[PDB]
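Basis: the model, the stated rules and, where named, an outside source; these are not laboratory values. All Cβ positions, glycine included, derive from the backbone under ideal geometry; neighbour counts span all protein chains shown.
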Amino acid sequence: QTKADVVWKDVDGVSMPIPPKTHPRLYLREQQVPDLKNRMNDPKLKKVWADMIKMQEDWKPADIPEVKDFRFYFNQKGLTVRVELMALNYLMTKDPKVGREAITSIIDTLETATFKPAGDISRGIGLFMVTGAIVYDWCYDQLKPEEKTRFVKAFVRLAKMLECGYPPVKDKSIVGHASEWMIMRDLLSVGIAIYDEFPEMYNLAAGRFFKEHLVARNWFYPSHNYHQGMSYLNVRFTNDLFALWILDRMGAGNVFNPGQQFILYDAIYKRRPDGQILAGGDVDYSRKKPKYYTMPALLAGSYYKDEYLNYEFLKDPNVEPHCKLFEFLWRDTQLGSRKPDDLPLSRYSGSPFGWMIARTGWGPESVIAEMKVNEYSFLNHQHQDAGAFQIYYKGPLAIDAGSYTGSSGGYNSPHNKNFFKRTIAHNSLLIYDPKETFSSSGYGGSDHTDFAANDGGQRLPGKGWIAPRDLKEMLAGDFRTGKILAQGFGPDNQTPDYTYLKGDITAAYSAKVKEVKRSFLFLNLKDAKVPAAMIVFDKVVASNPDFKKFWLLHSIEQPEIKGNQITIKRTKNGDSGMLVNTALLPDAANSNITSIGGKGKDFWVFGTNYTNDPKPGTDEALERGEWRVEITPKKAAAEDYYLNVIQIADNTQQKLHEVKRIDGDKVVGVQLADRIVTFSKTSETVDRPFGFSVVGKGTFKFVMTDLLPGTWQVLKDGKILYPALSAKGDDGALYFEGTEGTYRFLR
Ligand SMILES: CC(=O)N[C@@H]1[C@@H](O)[C@H](O[C@@H]2OC(C(=O)O)=C[C@H](O)[C@H]2O)[C@@H](CO)O[C@@H]1O
Ligand SMILES: [Zn+2]
């Protein structure tokens, strides 16, 4: 970590650091050179070094693939490993000979290397460049002049092959491949290295980083989450952190908003007791291999001295071979670790996310609930899933359906364009305009289509469903998808009885709607037999009554529908959770409850099924799901309200809680167990007096939402009960306890 000591100057109105005139300055500075001897003698890093020396042997000829993937180069072997270890050895011994061998071992091949086109080859080329930059900066004072010219020219030749182009003016700065290794590690590392001879490279690489990449990352960082889904969180957040470490070790301090520290807590909250991670954005599923965020936990953990993240890394302290050197140089072996068992049970991610993760524990019995507004969309690996909810408990119950890969293909698959990334795949809301079109001409890198299917979902923002170049372009465009209206959890911070969230998601949709709102209320019922519930209350106003509205609930197994009750079970893979939904609004007379699914109908989108069967032996628990429940109004209307109450329990639980709808003037609500929860009848702010009646035994906990913040008064049976309570602005809510009787609220 150290304090910045380089000189800053504005370039085109943007402050940027200037590389110091001194070597070493890549991945470390002179200041930390003498500390390598101890890292060699630190046993936890002994194995790491041992591993790298093993990596020195060449690929045995017959085992070389022939299709030279990025997977082939990231599994680094042979000469390039050797020269890195020579260059390191040169820092440690100062020995002219050791340094000169590194320079001549690498230089010929660096200027000659050829790279056959293959999947994400820029990764290979980029890592080759790193190898070169290490020798160049680490052995700078052993370089002959002719050699520097040779190296500079080799680097430029290699740069011109990178996908972002050289100059690096191509692709995207918030998402996409240019948001990965090519600029934040690879191009940056070389530019730093050759700055004395050819500063243009640094000026371009870091130019774009500070002008674009950084600005866009600092903007969302304060909310401690990431937008690329729970798989690509790995590569993308890793490359942010490479920039972090690189520039700090250059002498530029931490250039990112320090909130970066808390981003990976979101992964921790999503860990299932079966070793898997809660789904989101582009992911696949497995029950064979637990998922880890090894590199992010390492880099962020060690830089910010964070024990919760460090523990995360300690789960599987095995870094990909091309990164073993960065473990060795940057890993904090002194830093401690803690299990997550003592963290608060709910975490909130503010603008531009508006996301709640809610839990009932950290052990085998944990319910895990996710609630999402989405203020903006980042595209790429993010799905158009505004308003979506997800519930796991002893297995996935209320699912985030579909899968990234399968029989359909991968990123470019029909299944991606037409189901996976679309609203229909999610526990959200559909409003079907038969005449809506969805421009997709810019999506993906293969198999381009001008349009994608109509799923009655949210728009495809951007110029044909591509991400914007950067934050400026984003904000000037059409990527806004909603607004957080209210949020909170309490009354205790550690074990909140409820978790609350409300968003206006109207902007996610086309002019087909006038207003779309969703209020989630998750209750931690603090009880083994039935440990959680979630109330969802929606307002949908369409530009045309004849636009069919849908409410969706996805599952793995077939749901049973019995009147106003929906029962979903897990009976496979050792899961045994149960979700039961009580449909309160629309009421039985205006409600159509229908299931769709089974073979041929699992990825169904109005007349067409976007087949995506797993590659044999994968997704063994079928978490890409096979069934969904649709709730539609019988009666065509511009304005409809949905009110659904979910309960979680073991699929062996006979008796659950009875759910009563509460109807007052101005408000609509739900009573179950000892919880009372109310909403504005119109889902707009309540600013006049209102009331309702409670009937039932014992003490109740009340959460009244949609209130005008200020001082409310609470009466019961005509007499003052709480002369003055305060509804605050963030949640617009009252919380209090009370027994049965007839209530009035004054303001
Ligand atoms: C700008 C963004 O929409 N670019 C797309 C790539 O993300 C996508 O590549 C897939 O995703 C990734 C990755 O982002 O790490 C790696 C693999 O190359 C792909 O699985 C490509 C694929 O055609 O399309 C877009 O250019
Ligand atoms: Zn999804």
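Per-structure values
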{"item": "Whichever residue in the range 276-328 is of a type in the set (A, V, I, L, M, F, W, C) and in contact with a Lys or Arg (Cβ under 7 Å, 6 or more places away or on another chain) and, among such residues, is surrounded by the most Cβ atoms within 10 Å (Cβ to Cβ)", "result": "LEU298"}
{"item": "Count of residues meeting criterion [in a helix (DSSP H, G or I), in contact (Cβ under 8 Å) with a residue 40 or more places away in the chain and more than 16 Å from ligand 2 (Cβ to nearest atom)] in the range 236-284", "result": "24"}
{"item": "Residue check, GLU212 assigned by CATH to the domain that holds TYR304, surrounded by fewer than 20 Cβ atoms within 10 Å (Cβ to Cβ), touching a residue at least 40 places away in the same chain (Cβ under 8 Å) and among the charged types (D, E, K, R)", "result": "no"}
{"item": "Selected residue [touching a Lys or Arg at 6+ places or on another chain (Cβ under 7 Å) and small (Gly, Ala, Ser)] from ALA178, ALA205", "result": "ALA178"}
{"item": "Among (1) under 20 Å from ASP10 (Cα atoms); (2) within 14 Å of ligand 1 (Cβ to nearest atom); (3) of a type outside the set (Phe, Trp, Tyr), the one test that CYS164 misses", "result": "(1)"}
{"item": "Subset of the range 375-410 that is among the acidic types (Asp, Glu) and within 13 Å of ligand 2 (Cβ to nearest atom) - its residue that is nearest to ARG359 (Cα to Cα)", "result": "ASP400"}
{"item": "All positions within the range 437-452 that are of a type outside the set (S, T, N, Q) and within 13 Å of ligand 1 (Cβ to nearest atom)", "result": "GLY442, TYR443, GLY444, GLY445, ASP447, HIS448"}
{"item": "Lone unmet requirement of (1) under 21 Å from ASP613 (Cβ atoms); (2) without any contact (Cβ under 8 Å) to a residue 40 or more places away in the chain for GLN334", "result": "(1)"}
{"item": "1 or more residues out of contact with any helix residue (DSSP H, G or I) (no Cβ under 7 Å at 6 or more places or on another chain) and among the charged types (D, E, K, R): qualifying strands (runs of 3 or more DSSP E) within the range 429-512", "result": "483-490, 498-504"}
{"item": "So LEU343, is it more than 16 Å from ligand 2 (Cβ to nearest atom), closer than 24 Å to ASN257 by Cβ and surrounded by 24 or more Cβ atoms within 10 Å (Cβ to Cβ)", "result": "no"}
{"item": "Answer residue from the range 406-423, given it is crowded, with 21+ Cβ neighbours inside 10 Å and of a type in the set (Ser, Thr, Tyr) and is farthest from ligand 1 (Cβ to nearest atom) among those", "result": "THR423"}
{"item": "Considering residues of the range 424-439 that are small (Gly, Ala, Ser) and surrounded by 19 or more Cβ atoms within 10 Å (Cβ to Cβ) only, the residue nearest to ligand 2 (Cβ to nearest atom)", "result": "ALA425"}
{"item": "Residue that is nearest to ligand 1 (Cβ to nearest atom) [pool: residues in the range 251-281 that are over 21 Å from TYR404 (Cα atoms) and among the polar types (S, T, N, Q)]", "result": "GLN260"}
{"item": "Subset of the range 418-428 [among the small types (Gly, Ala, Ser) and assigned to a loop (DSSP other than H, G, I, E, B)]", "result": "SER428"}
{"item": "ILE596 being within 19 Å of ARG570 (Cα to Cα) and surrounded by fewer than 18 Cβ atoms within 10 Å (Cβ to Cβ)", "result": "yes"}
{"item": "Selection status of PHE389, aromatic (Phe, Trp, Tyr), within 16 Å of ligand 1 (Cβ to nearest atom) and on the phi < 0 side of the Ramachandran plot", "result": "no"}
{"item": "Subset of the range 72-119 (residues that are among the charged types (D, E, K, R), without any contact (Cβ under 8 Å) to a residue 40 or more places away in the chain and closer than 22 Å to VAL319 by Cα)", "result": "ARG82"}
{"item": "Spans of helices (runs of 4 or more DSSP H) in the range 38-104 with at least 3 residues in contact with a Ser or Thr (Cβ under 8 Å, 6 or more places away or on another chain)", "result": "79-93"}
{"item": "Given (1) farther than 26 Å from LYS372 by Cα; (2) within 16 Å of ligand 1 (Cβ to nearest atom); (3) not basic (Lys, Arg), number of the condition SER231 does not satisfy", "result": "(1)"}
{"item": "Matching entry among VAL629, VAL714, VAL703, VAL695 (being under 27 Å from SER543 (Cα atoms) and β-branched (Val, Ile, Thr))", "result": "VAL629"}
{"item": "Meets criteria (part of a strand (DSSP E or B), in contact with a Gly (Cβ under 9 Å, 6 or more places away or on another chain) and without any contact (Cβ under 8 Å) to a residue 60 or more places away in the chain) for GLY691", "result": "yes"}
{"item": "Residues that are surrounded by 15 or more Cβ atoms within 10 Å (Cβ to Cβ) and β-branched (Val, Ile, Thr), drawn from the range 7-26", "result": "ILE18"}
{"item": "Selection count, the range 184-193, where residues are out of contact with any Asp or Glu (no Cβ under 8 Å at 6 or more places or on another chain) and either under 13 Å from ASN203 (Cβ atoms) or within 16 Å of ligand 2 (Cβ to nearest atom) (or both)", "result": "4"}
{"item": "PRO434 more than 10 Å from ligand 1 (Cβ to nearest atom) and either more than 25 Å from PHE389 (Cα to Cα) or not assigned by CATH to the domain that holds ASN612 (or both)", "result": "yes"}
{"item": "Pair list, Cβ < 6 Å and 6+ apart or interchain, from the range 616-641 residues that are under 19 Å from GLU557 (Cα atoms) and in contact (Cβ under 8 Å) with a residue 12 or more places away in the chain to residues that are of a type in the set (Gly, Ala, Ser) and outside any strand (DSSP E or B)", "result": "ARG624/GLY402; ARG624/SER403; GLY625/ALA401"}
{"item": "Positions within the range 513-528 being more than 14 Å from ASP640 (Cα to Cα), of a type outside the set (S, T, N, Q) and either in contact with a strand residue (DSSP E or B) (Cβ under 7 Å, 6 or more places away or on another chain) or not in a loop (DSSP other than H, G, I, E, B) (or both), in sequence order", "result": "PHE520, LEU521, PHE522, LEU523, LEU525"}
